[PDB]
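Below is one structure, written out as C-alpha coordinates, with a few remarks after it.
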Amino acid sequence: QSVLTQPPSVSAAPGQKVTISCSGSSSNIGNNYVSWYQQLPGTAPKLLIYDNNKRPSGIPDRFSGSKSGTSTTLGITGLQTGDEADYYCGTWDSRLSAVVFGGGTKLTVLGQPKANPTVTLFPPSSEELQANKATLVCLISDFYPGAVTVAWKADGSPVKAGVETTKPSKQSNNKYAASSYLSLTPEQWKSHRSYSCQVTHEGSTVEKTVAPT
Amino acid sequence: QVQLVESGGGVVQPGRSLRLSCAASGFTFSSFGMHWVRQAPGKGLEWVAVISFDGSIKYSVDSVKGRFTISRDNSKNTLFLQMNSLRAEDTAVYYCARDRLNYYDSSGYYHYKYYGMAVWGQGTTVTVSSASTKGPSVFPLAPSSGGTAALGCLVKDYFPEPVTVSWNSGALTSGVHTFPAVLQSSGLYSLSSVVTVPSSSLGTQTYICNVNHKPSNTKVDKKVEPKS
(Lines give C-alpha, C1' and ligand atoms only; values in the text may rest on other atoms or scores of the structure.)
Protein backbone atom coordinates (compact mmCIF):
# COMPACT_ATOMS: atom_id res chain seq x y z
CA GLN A 1 0.00 0.00 0.00
CA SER A 2 2.81 2.37 0.95
CA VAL A 3 6.41 1.55 0.07
CA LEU A 4 7.62 2.33 3.60
CA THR A 5 5.97 0.55 6.52
CA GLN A 6 5.26 2.52 9.73
CA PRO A 7 3.14 1.28 12.63
CA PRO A 8 -0.32 2.91 12.33
CA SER A 9 -0.24 3.84 16.04
CA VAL A 10 1.77 3.97 19.22
CA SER A 11 1.33 5.44 22.68
CA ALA A 12 3.01 6.18 26.00
CA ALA A 13 2.42 8.28 29.12
CA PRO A 14 3.58 11.85 29.88
CA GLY A 15 7.29 11.94 30.67
CA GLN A 16 8.14 8.58 29.07
CA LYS A 17 9.97 8.03 25.78
CA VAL A 18 8.48 6.23 22.76
CA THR A 19 9.85 4.72 19.53
CA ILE A 20 8.50 4.74 15.98
CA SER A 21 9.91 2.45 13.26
CA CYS A 22 10.01 2.95 9.50
CA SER A 23 10.93 -0.08 7.41
CA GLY A 24 11.97 0.05 3.73
CA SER A 25 14.22 -1.60 1.10
CA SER A 26 17.64 -0.98 -0.49
CA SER A 27 16.16 1.25 -3.23
CA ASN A 28 14.90 3.78 -0.65
CA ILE A 29 16.13 3.83 2.96
CA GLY A 30 19.08 1.56 2.17
CA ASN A 31 20.69 4.19 -0.06
CA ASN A 32 19.03 7.55 0.66
CA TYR A 33 18.67 9.93 3.61
CA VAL A 34 15.50 9.73 5.63
CA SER A 35 13.58 12.67 7.07
CA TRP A 36 10.79 12.63 9.65
CA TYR A 37 7.91 15.09 9.68
CA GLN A 38 5.42 15.89 12.41
CA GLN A 39 1.87 16.84 11.57
CA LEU A 40 -0.43 18.29 14.19
CA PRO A 41 -4.24 18.32 13.51
CA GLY A 42 -5.11 20.80 10.72
CA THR A 43 -1.50 22.01 10.10
CA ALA A 44 1.15 21.47 7.46
CA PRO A 45 3.87 18.95 8.19
CA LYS A 46 7.03 20.20 9.87
CA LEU A 47 10.54 18.81 9.53
CA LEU A 48 11.79 17.13 12.72
CA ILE A 49 14.82 15.17 11.50
CA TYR A 50 16.87 15.22 8.29
CA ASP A 51 19.99 13.31 7.20
CA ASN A 52 18.76 10.32 9.29
CA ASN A 53 19.65 11.87 12.67
CA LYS A 54 20.05 15.71 12.51
CA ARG A 55 17.70 18.19 14.17
CA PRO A 56 17.16 21.53 12.43
CA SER A 57 17.32 24.90 14.23
CA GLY A 58 14.56 25.16 16.84
CA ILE A 59 13.62 21.47 17.13
CA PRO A 60 14.41 20.52 20.73
CA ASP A 61 16.65 17.79 22.26
CA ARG A 62 13.70 15.46 22.88
CA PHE A 63 13.45 14.19 19.26
CA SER A 64 16.09 11.88 17.74
CA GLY A 65 16.67 9.62 14.69
CA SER A 66 18.56 6.36 14.08
CA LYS A 67 19.33 4.31 10.97
CA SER A 68 19.86 0.57 10.95
CA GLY A 69 20.29 -0.33 7.30
CA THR A 70 16.91 -0.51 5.57
CA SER A 71 15.03 0.59 8.73
CA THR A 72 14.88 3.89 10.61
CA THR A 73 13.62 4.86 14.07
CA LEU A 74 12.28 8.05 15.59
CA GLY A 75 12.79 8.59 19.31
CA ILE A 76 10.83 11.09 21.39
CA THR A 77 11.77 11.54 25.06
CA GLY A 78 10.06 13.38 27.91
CA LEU A 79 6.65 13.08 26.27
CA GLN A 80 4.33 16.11 26.36
CA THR A 81 0.66 16.34 25.44
CA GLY A 82 1.63 18.74 22.59
CA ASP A 83 3.50 15.85 20.91
CA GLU A 84 0.16 14.20 20.01
CA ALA A 85 0.30 14.05 16.22
CA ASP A 86 0.84 12.00 13.07
CA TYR A 87 4.50 11.21 12.34
CA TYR A 88 5.73 10.38 8.80
CA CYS A 89 9.07 9.13 7.47
CA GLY A 90 10.03 10.09 3.95
CA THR A 91 12.82 9.42 1.52
CA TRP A 92 13.70 9.16 -2.14
CA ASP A 93 13.22 5.91 -3.99
CA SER A 94 15.76 5.18 -6.74
CA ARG A 95 13.65 2.57 -8.53
CA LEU A 96 10.41 4.60 -8.59
CA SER A 97 12.13 7.99 -8.94
CA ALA A 98 9.76 9.42 -6.33
CA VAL A 99 9.61 10.79 -2.84
CA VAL A 100 7.98 8.09 -0.81
CA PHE A 101 6.26 8.46 2.56
CA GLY A 102 5.30 5.86 5.16
CA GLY A 103 1.56 5.60 5.93
CA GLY A 104 1.72 7.60 9.19
CA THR A 105 1.91 6.72 12.86
CA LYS A 106 -0.69 8.31 15.13
CA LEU A 107 0.84 9.14 18.51
CA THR A 108 -1.42 9.06 21.57
CA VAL A 109 -0.30 10.41 24.97
CA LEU A 110 -2.03 8.44 27.75
CA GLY A 111 -3.53 9.72 30.99
CA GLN A 112 -6.72 11.29 29.70
CA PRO A 113 -9.52 9.52 31.54
CA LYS A 114 -12.22 7.40 29.92
CA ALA A 115 -15.53 9.13 29.08
CA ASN A 116 -18.76 7.39 28.11
CA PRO A 117 -20.79 8.68 25.18
CA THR A 118 -23.93 10.79 25.48
CA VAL A 119 -26.40 9.54 22.88
CA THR A 120 -29.32 11.56 21.53
CA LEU A 121 -31.79 10.14 19.04
CA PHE A 122 -34.38 12.10 17.10
CA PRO A 123 -37.21 10.68 14.99
CA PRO A 124 -38.19 12.03 11.56
CA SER A 125 -39.73 15.47 11.78
CA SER A 126 -43.30 16.25 10.63
CA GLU A 127 -41.91 18.49 7.93
CA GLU A 128 -39.56 15.79 6.61
CA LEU A 129 -42.37 13.16 6.50
CA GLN A 130 -44.59 15.59 4.59
CA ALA A 131 -41.91 15.83 1.92
CA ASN A 132 -42.09 11.98 1.78
CA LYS A 133 -38.64 11.43 3.33
CA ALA A 134 -37.65 10.05 6.72
CA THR A 135 -34.37 10.35 8.58
CA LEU A 136 -33.44 9.10 12.05
CA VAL A 137 -30.63 11.08 13.66
CA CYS A 138 -28.30 9.66 16.26
CA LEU A 139 -25.81 12.05 17.89
CA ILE A 140 -22.90 10.85 19.91
CA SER A 141 -20.75 13.22 21.96
CA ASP A 142 -18.23 13.52 24.80
CA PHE A 143 -16.60 10.10 24.50
CA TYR A 144 -12.99 9.08 24.98
CA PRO A 145 -11.13 7.26 23.60
CA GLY A 146 -12.23 8.33 20.14
CA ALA A 147 -13.73 5.19 18.63
CA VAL A 148 -17.29 3.89 18.66
CA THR A 149 -19.36 1.36 16.77
CA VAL A 150 -22.98 2.11 15.91
CA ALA A 151 -25.68 -0.47 15.20
CA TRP A 152 -29.32 0.14 14.32
CA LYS A 153 -32.23 -2.13 15.11
CA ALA A 154 -35.90 -2.19 14.15
CA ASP A 155 -38.25 -4.37 16.20
CA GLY A 156 -35.25 -6.44 17.35
CA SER A 157 -33.73 -7.20 13.91
CA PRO A 158 -30.50 -5.52 12.66
CA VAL A 159 -30.83 -2.83 10.00
CA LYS A 160 -27.94 -2.45 7.56
CA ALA A 161 -29.64 -0.56 4.72
CA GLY A 162 -29.58 3.25 4.73
CA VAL A 163 -27.04 3.61 7.53
CA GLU A 164 -24.36 6.31 7.03
CA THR A 165 -22.04 6.96 9.98
CA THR A 166 -19.28 9.59 10.35
CA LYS A 167 -15.80 8.85 11.66
CA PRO A 168 -15.13 10.23 15.13
CA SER A 169 -13.83 13.82 15.35
CA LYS A 170 -12.17 15.64 18.17
CA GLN A 171 -14.20 18.22 20.00
CA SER A 172 -12.44 21.29 21.41
CA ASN A 173 -12.74 19.92 24.97
CA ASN A 174 -10.52 17.02 23.88
CA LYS A 175 -13.30 14.42 23.83
CA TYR A 176 -14.77 13.01 20.61
CA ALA A 177 -18.03 13.22 18.73
CA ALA A 178 -19.76 11.24 15.96
CA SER A 179 -23.10 10.79 14.28
CA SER A 180 -25.12 8.21 12.42
CA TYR A 181 -28.09 8.63 10.11
CA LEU A 182 -30.70 6.04 9.08
CA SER A 183 -32.75 6.85 5.92
CA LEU A 184 -36.15 5.27 5.44
CA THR A 185 -39.30 5.78 3.45
CA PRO A 186 -42.28 7.03 5.49
CA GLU A 187 -43.91 3.62 4.91
CA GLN A 188 -41.14 1.65 6.54
CA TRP A 189 -40.88 4.19 9.38
CA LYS A 190 -44.60 3.69 10.18
CA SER A 191 -44.47 -0.13 9.59
CA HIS A 192 -42.32 -0.82 12.68
CA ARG A 193 -43.16 -0.30 16.37
CA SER A 194 -39.66 0.88 17.40
CA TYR A 195 -36.29 1.88 16.00
CA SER A 196 -33.16 1.88 18.14
CA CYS A 197 -29.63 3.34 17.95
CA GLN A 198 -26.95 1.35 19.81
CA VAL A 199 -23.61 2.92 20.48
CA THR A 200 -20.80 0.66 21.67
CA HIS A 201 -17.75 2.21 23.31
CA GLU A 202 -14.96 0.13 24.93
CA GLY A 203 -17.30 -2.88 25.07
CA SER A 204 -20.23 -1.06 26.70
CA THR A 205 -23.39 -0.01 24.89
CA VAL A 206 -25.80 2.89 25.20
CA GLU A 207 -29.21 2.54 23.54
CA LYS A 208 -31.91 5.00 22.59
CA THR A 209 -35.25 4.19 21.00
CA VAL A 210 -37.92 6.06 18.99
CA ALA A 211 -41.40 5.13 17.79
CA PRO A 212 -43.96 6.68 15.39
CA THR A 213 -46.80 6.72 17.92
CA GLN B 1 10.15 35.56 6.47
CA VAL B 2 10.45 32.20 4.61
CA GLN B 3 7.02 30.99 3.51
CA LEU B 4 4.89 29.54 0.72
CA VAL B 5 1.38 30.76 -0.10
CA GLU B 6 -0.85 28.43 -2.06
CA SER B 7 -3.99 29.28 -4.02
CA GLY B 8 -6.24 27.94 -6.80
CA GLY B 9 -8.06 25.14 -4.97
CA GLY B 10 -11.72 24.43 -5.54
CA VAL B 11 -14.65 22.20 -6.18
CA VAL B 12 -15.17 20.67 -9.60
CA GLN B 13 -16.73 17.84 -11.46
CA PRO B 14 -14.72 14.96 -12.98
CA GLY B 15 -12.95 15.78 -16.26
CA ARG B 16 -12.46 19.46 -15.42
CA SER B 17 -9.20 21.31 -14.84
CA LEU B 18 -7.73 23.49 -12.08
CA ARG B 19 -4.44 25.42 -11.61
CA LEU B 20 -2.62 25.68 -8.29
CA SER B 21 -0.12 28.40 -7.47
CA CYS B 22 2.51 28.56 -4.78
CA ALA B 23 3.87 32.05 -4.22
CA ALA B 24 7.30 31.92 -2.57
CA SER B 25 8.94 34.51 -0.29
CA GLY B 26 11.99 34.74 2.00
CA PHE B 27 14.50 32.77 -0.06
CA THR B 28 15.99 32.68 -3.52
CA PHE B 29 13.17 30.71 -5.15
CA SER B 30 15.29 30.02 -8.25
CA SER B 31 17.87 28.04 -6.25
CA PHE B 32 15.57 25.33 -4.84
CA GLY B 33 13.83 22.24 -6.10
CA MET B 34 10.11 22.31 -5.39
CA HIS B 35 7.46 19.63 -4.80
CA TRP B 36 3.76 19.11 -4.59
CA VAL B 37 2.43 16.75 -1.96
CA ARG B 38 -1.20 15.81 -1.34
CA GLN B 39 -3.28 14.44 1.52
CA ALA B 40 -6.75 12.98 1.01
CA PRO B 41 -9.11 13.69 3.93
CA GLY B 42 -8.08 11.40 6.81
CA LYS B 43 -5.20 9.63 4.96
CA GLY B 44 -1.42 9.88 4.74
CA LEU B 45 0.85 12.13 2.71
CA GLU B 46 1.21 11.26 -0.99
CA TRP B 47 4.01 12.80 -3.06
CA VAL B 48 2.75 14.19 -6.38
CA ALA B 49 5.72 15.76 -8.22
CA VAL B 50 9.04 17.57 -8.15
CA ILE B 51 10.65 20.20 -10.39
CA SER B 52 14.33 21.15 -10.33
CA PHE B 53 15.70 24.60 -9.46
CA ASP B 54 15.74 25.68 -13.13
CA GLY B 55 12.75 23.65 -14.48
CA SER B 56 14.72 21.27 -16.69
CA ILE B 57 14.07 18.11 -14.62
CA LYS B 58 10.65 16.86 -13.50
CA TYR B 59 9.07 13.71 -12.07
CA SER B 60 5.59 12.75 -10.92
CA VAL B 61 3.57 9.83 -9.57
CA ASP B 62 2.23 7.45 -12.26
CA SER B 63 -1.40 8.11 -11.34
CA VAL B 64 -1.10 11.77 -12.49
CA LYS B 65 1.26 11.35 -15.48
CA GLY B 66 -0.22 12.96 -18.56
CA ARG B 67 -2.80 14.76 -16.43
CA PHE B 68 -0.93 17.05 -14.05
CA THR B 69 1.88 19.37 -15.10
CA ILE B 70 4.34 20.79 -12.61
CA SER B 71 5.94 24.03 -13.84
CA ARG B 72 7.58 27.11 -12.36
CA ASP B 73 8.09 30.78 -13.15
CA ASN B 74 11.40 31.79 -11.54
CA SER B 75 11.04 35.44 -12.67
CA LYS B 76 7.89 35.58 -10.41
CA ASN B 77 8.78 33.26 -7.49
CA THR B 78 5.80 30.99 -8.19
CA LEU B 79 5.34 27.22 -8.48
CA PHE B 80 2.39 25.90 -10.49
CA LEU B 81 0.44 22.66 -10.80
CA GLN B 82 -1.85 22.37 -13.82
CA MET B 83 -4.47 19.71 -13.03
CA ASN B 84 -6.38 18.40 -16.06
CA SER B 85 -8.87 15.55 -16.39
CA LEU B 86 -9.51 15.50 -12.65
CA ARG B 87 -10.91 12.39 -11.00
CA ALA B 88 -12.69 11.90 -7.70
CA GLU B 89 -9.54 10.24 -6.31
CA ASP B 90 -7.58 13.52 -6.79
CA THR B 91 -9.70 15.02 -3.98
CA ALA B 92 -7.23 16.18 -1.29
CA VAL B 93 -5.41 19.00 0.37
CA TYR B 94 -2.47 19.93 -1.84
CA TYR B 95 0.77 21.30 -0.36
CA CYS B 96 3.78 22.80 -2.04
CA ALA B 97 7.09 22.13 -0.34
CA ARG B 98 10.65 23.40 -0.74
CA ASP B 99 13.78 21.26 -0.73
CA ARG B 100 15.87 21.66 2.39
CA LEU B 101 19.11 22.04 0.46
CA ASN B 102 19.57 24.27 -2.58
CA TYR B 103 20.93 23.47 -6.06
CA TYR B 104 24.53 23.31 -4.78
CA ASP B 105 23.47 19.88 -3.47
CA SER B 106 20.34 18.92 -5.49
CA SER B 107 21.90 19.52 -8.93
CA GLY B 108 24.12 16.49 -9.51
CA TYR B 109 26.07 15.54 -12.64
CA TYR B 110 23.67 12.73 -13.49
CA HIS B 111 20.52 13.43 -11.51
CA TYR B 112 18.23 15.61 -9.45
CA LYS B 113 19.11 14.61 -5.84
CA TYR B 114 16.56 14.63 -2.98
CA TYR B 115 17.53 15.22 0.68
CA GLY B 116 14.22 16.13 2.31
CA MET B 117 11.74 18.98 2.44
CA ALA B 118 12.00 21.92 4.87
CA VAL B 119 9.29 24.47 4.19
CA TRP B 120 5.62 23.66 3.58
CA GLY B 121 2.68 25.80 2.48
CA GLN B 122 -0.61 26.05 4.34
CA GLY B 123 -2.33 23.80 1.74
CA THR B 124 -5.24 24.37 -0.67
CA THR B 125 -8.27 22.08 -0.94
CA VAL B 126 -9.29 20.41 -4.16
CA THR B 127 -12.63 18.58 -4.12
CA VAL B 128 -13.63 16.51 -7.15
CA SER B 129 -17.14 15.10 -7.31
CA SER B 130 -20.12 14.29 -9.53
CA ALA B 131 -22.45 16.28 -7.26
CA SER B 132 -23.89 19.65 -8.24
CA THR B 133 -24.26 22.69 -5.98
CA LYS B 134 -27.38 22.17 -3.86
CA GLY B 135 -28.72 24.07 -0.85
CA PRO B 136 -29.79 22.14 2.26
CA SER B 137 -33.26 21.37 3.43
CA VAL B 138 -33.40 22.37 7.13
CA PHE B 139 -35.67 20.33 9.45
CA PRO B 140 -36.41 21.09 13.10
CA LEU B 141 -35.63 18.30 15.60
CA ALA B 142 -38.16 18.92 18.36
CA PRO B 143 -37.77 18.22 22.06
CA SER B 144 -40.10 15.81 23.96
CA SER B 145 -40.16 12.91 26.53
CA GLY B 146 -34.49 15.46 33.53
CA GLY B 147 -35.23 19.16 33.69
CA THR B 148 -33.18 19.36 30.52
CA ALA B 149 -34.34 19.08 26.89
CA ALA B 150 -32.45 18.47 23.70
CA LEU B 151 -33.51 20.09 20.44
CA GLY B 152 -31.85 20.42 17.07
CA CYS B 153 -31.73 21.11 13.36
CA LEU B 154 -31.14 18.58 10.59
CA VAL B 155 -29.30 20.21 7.71
CA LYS B 156 -29.95 17.74 4.96
CA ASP B 157 -28.64 17.06 1.46
CA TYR B 158 -26.26 19.86 0.57
CA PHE B 159 -23.18 20.28 -1.57
CA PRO B 160 -20.51 21.45 -1.28
CA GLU B 161 -19.05 22.07 2.20
CA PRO B 162 -19.05 24.22 4.25
CA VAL B 163 -22.25 25.07 6.15
CA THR B 164 -22.25 27.21 9.32
CA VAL B 165 -24.83 26.86 12.09
CA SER B 166 -25.53 29.11 15.04
CA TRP B 167 -28.47 29.48 17.43
CA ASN B 168 -30.62 32.50 18.09
CA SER B 169 -28.24 34.50 15.87
CA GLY B 170 -25.22 33.65 18.01
CA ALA B 171 -26.80 34.56 21.36
CA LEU B 172 -27.22 30.94 22.46
CA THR B 173 -23.80 29.22 22.82
CA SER B 174 -23.89 27.12 26.03
CA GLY B 175 -24.98 23.55 25.45
CA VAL B 176 -24.59 23.86 21.66
CA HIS B 177 -23.10 20.96 19.75
CA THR B 178 -22.78 21.09 16.00
CA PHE B 179 -21.58 17.89 14.43
CA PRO B 180 -19.31 17.41 11.38
CA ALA B 181 -21.18 16.34 8.30
CA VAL B 182 -21.70 12.91 6.94
CA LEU B 183 -21.00 12.35 3.23
CA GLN B 184 -23.68 10.21 1.65
CA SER B 185 -23.52 7.80 -1.29
CA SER B 186 -25.47 10.38 -3.30
CA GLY B 187 -22.46 12.77 -3.02
CA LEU B 188 -24.50 15.11 -0.79
CA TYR B 189 -23.75 16.04 2.80
CA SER B 190 -25.91 16.20 5.88
CA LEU B 191 -25.24 17.52 9.35
CA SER B 192 -27.03 18.24 12.60
CA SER B 193 -26.73 20.64 15.51
CA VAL B 194 -28.19 20.19 19.01
CA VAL B 195 -28.64 22.39 22.00
CA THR B 196 -29.63 21.25 25.48
CA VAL B 197 -31.73 23.84 27.29
CA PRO B 198 -33.75 23.93 30.48
CA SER B 199 -37.13 22.21 30.06
CA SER B 200 -38.78 25.06 31.98
CA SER B 201 -37.74 27.62 29.31
CA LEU B 202 -39.64 25.90 26.49
CA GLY B 203 -42.79 28.02 26.90
CA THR B 204 -40.98 31.36 27.29
CA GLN B 205 -38.05 31.24 24.87
CA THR B 206 -37.92 30.51 21.16
CA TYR B 207 -35.12 28.51 19.62
CA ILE B 208 -34.01 29.27 16.08
CA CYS B 209 -31.11 27.69 14.30
CA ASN B 210 -29.37 29.83 11.72
CA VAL B 211 -28.06 27.87 8.76
CA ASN B 212 -25.89 29.40 6.07
CA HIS B 213 -24.68 27.65 2.96
CA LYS B 214 -22.83 30.38 1.07
CA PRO B 215 -22.16 28.36 -2.13
CA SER B 216 -25.90 28.14 -2.85
CA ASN B 217 -26.87 31.49 -1.31
CA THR B 218 -29.09 29.59 1.12
CA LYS B 219 -29.68 31.25 4.51
CA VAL B 220 -32.39 29.80 6.71
CA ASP B 221 -33.38 30.57 10.30
CA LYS B 222 -35.45 27.60 11.38
CA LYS B 223 -37.72 27.77 14.39
CA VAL B 224 -37.69 24.63 16.58
CA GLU B 225 -40.82 24.25 18.74
CA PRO B 226 -42.26 21.63 21.13
CA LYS B 227 -44.19 19.04 19.12
CA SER B 228 -47.97 18.48 19.06
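Naming convention: chains lettered A, B, ... in sequence-line order (proteins, then strands); numbering from 1 in each chain. The figures here come from the full heavy-atom set of this structure, side chains too, leaving out hydrogens, waters and symmetry mates.
When B:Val48, B:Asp62, B:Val61, B:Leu191 are compared by the number of non-hydrogen pairs under 4.5 Å with chain A, B:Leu191 comes out ahead. When A:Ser125, A:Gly90, A:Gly104 are compared by the number of non-hydrogen pairs under 4.5 Å with chain B, A:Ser125 comes out ahead. By number of non-hydrogen pairs under 4.5 angstrom with chain A, the leading residue of B:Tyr59, B:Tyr115, B:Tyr95 is B:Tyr95.
Both the backbone and the side chain of A:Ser97 come within less than 4.5 Å of a heavy atom of chain B. Both the backbone and the side chain of B:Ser185 have a heavy atom closer than 4.5 Å to some heavy atom of chain A. For B:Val37, the part sitting under 4.5 Å from any heavy atom of chain A is the side chain, from C-beta outward, and nothing else. Heavy-atom distances place the backbone of A:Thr165, and not its side chain, under 4.5 Å from chain B. Contact annotation for A:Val137: only side-chain heavy atoms (C-beta onward) come within less than 4.5 Å of a heavy atom of chain B. With a 4.5 angstrom heavy-atom cutoff, B:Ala181 touches chain A only via backbone atoms. Residue A:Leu96 does not touch chain B at all, counting heavy-atom pairs closer than 4.5 Å. Neither the backbone nor the side chain of B:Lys113 comes within less than 4.5 Å of any heavy atom of chain A. If you measure heavy-atom distances from B:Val138 to chain A, the contacts under 4.5 Å come from the backbone alone. Looking at B:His111, there are no atoms closer than 4.5 Å to chain A (heavy atoms on both sides), in backbone or side chain. Contacts of B:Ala150 with chain A are made by both backbone and side-chain atoms, with heavy-atom separations under 4.5 Å.
The interface of residues 172-196 of chain A with chain B, defined by heavy-atom distances below 4.5 Å, comprises A:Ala177, A:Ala178, A:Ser179, A:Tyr181. Interface with chain B: from residues 32-47 of chain A, residues A:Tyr33, A:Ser35, A:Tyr37, A:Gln39, A:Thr43, A:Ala44, A:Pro45, A:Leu47 qualify, criterion being any non-hydrogen pair under 4.5 Å.
At most 12 non-hydrogen atoms from other residues, nucleotides or ligands lie less than 6.0 angstrom from NZ of B:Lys58. Within a 6.0 Å radius of CD in A:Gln130, no more than 12 heavy atoms belonging to other residues, nucleotides or ligands are found. No more than 12 heavy-atom neighbours from other residues, nucleotides or ligands sit within 6.0 angstrom of NZ on A:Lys54. Around atom NZ of A:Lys133, no more than 12 heavy atoms belonging to other residues, nucleotides or ligands sit under 6.0 Å away.
Residues B:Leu101 and A:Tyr50 form no side-chain contact, since every pair of their non-hydrogen atoms from C-beta on lies 4.5 Å or further apart. Using a 4.5 Å heavy-atom cutoff, the side chains of A:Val99 and B:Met117 are in contact. Annotation: side chain of A:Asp51 is in contact with side chain of B:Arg100 (closest heavy-atom distance under 4.5 Å). B:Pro41 has its side chain out of reach of A:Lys167: every pair of non-hydrogen atoms, C-beta onward, lies at least 4.5 Å apart. In this structure the side chain of A:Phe122 never reaches within 4.5 angstrom of the side chain of B:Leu154, judged on heavy atoms. Taking 4.5 Å as the limit, some side-chain heavy atom of B:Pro140 sits within range of a side-chain heavy atom of A:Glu127.
Counting all heavy atoms, side chain and backbone alike, B:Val182 lies closest to A:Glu164 at CG2-CB, 3.8 Å. When every heavy atom of A:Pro123 is checked against every heavy atom of B:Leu141, the shortest pair comes out as O-CD2, 4.4 Å. Smallest separation of non-hydrogen atoms from A:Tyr88 and B:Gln39: OH-NE2, 3.5 Å. In terms of heavy atoms, B:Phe179 sits closest to A:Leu139 at CZ-CB, 3.6 Å.
Relative orientation of the B:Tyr114 and A:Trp92 rings is tilted, given thresholds of 30° and 60° on the angle between their planes.
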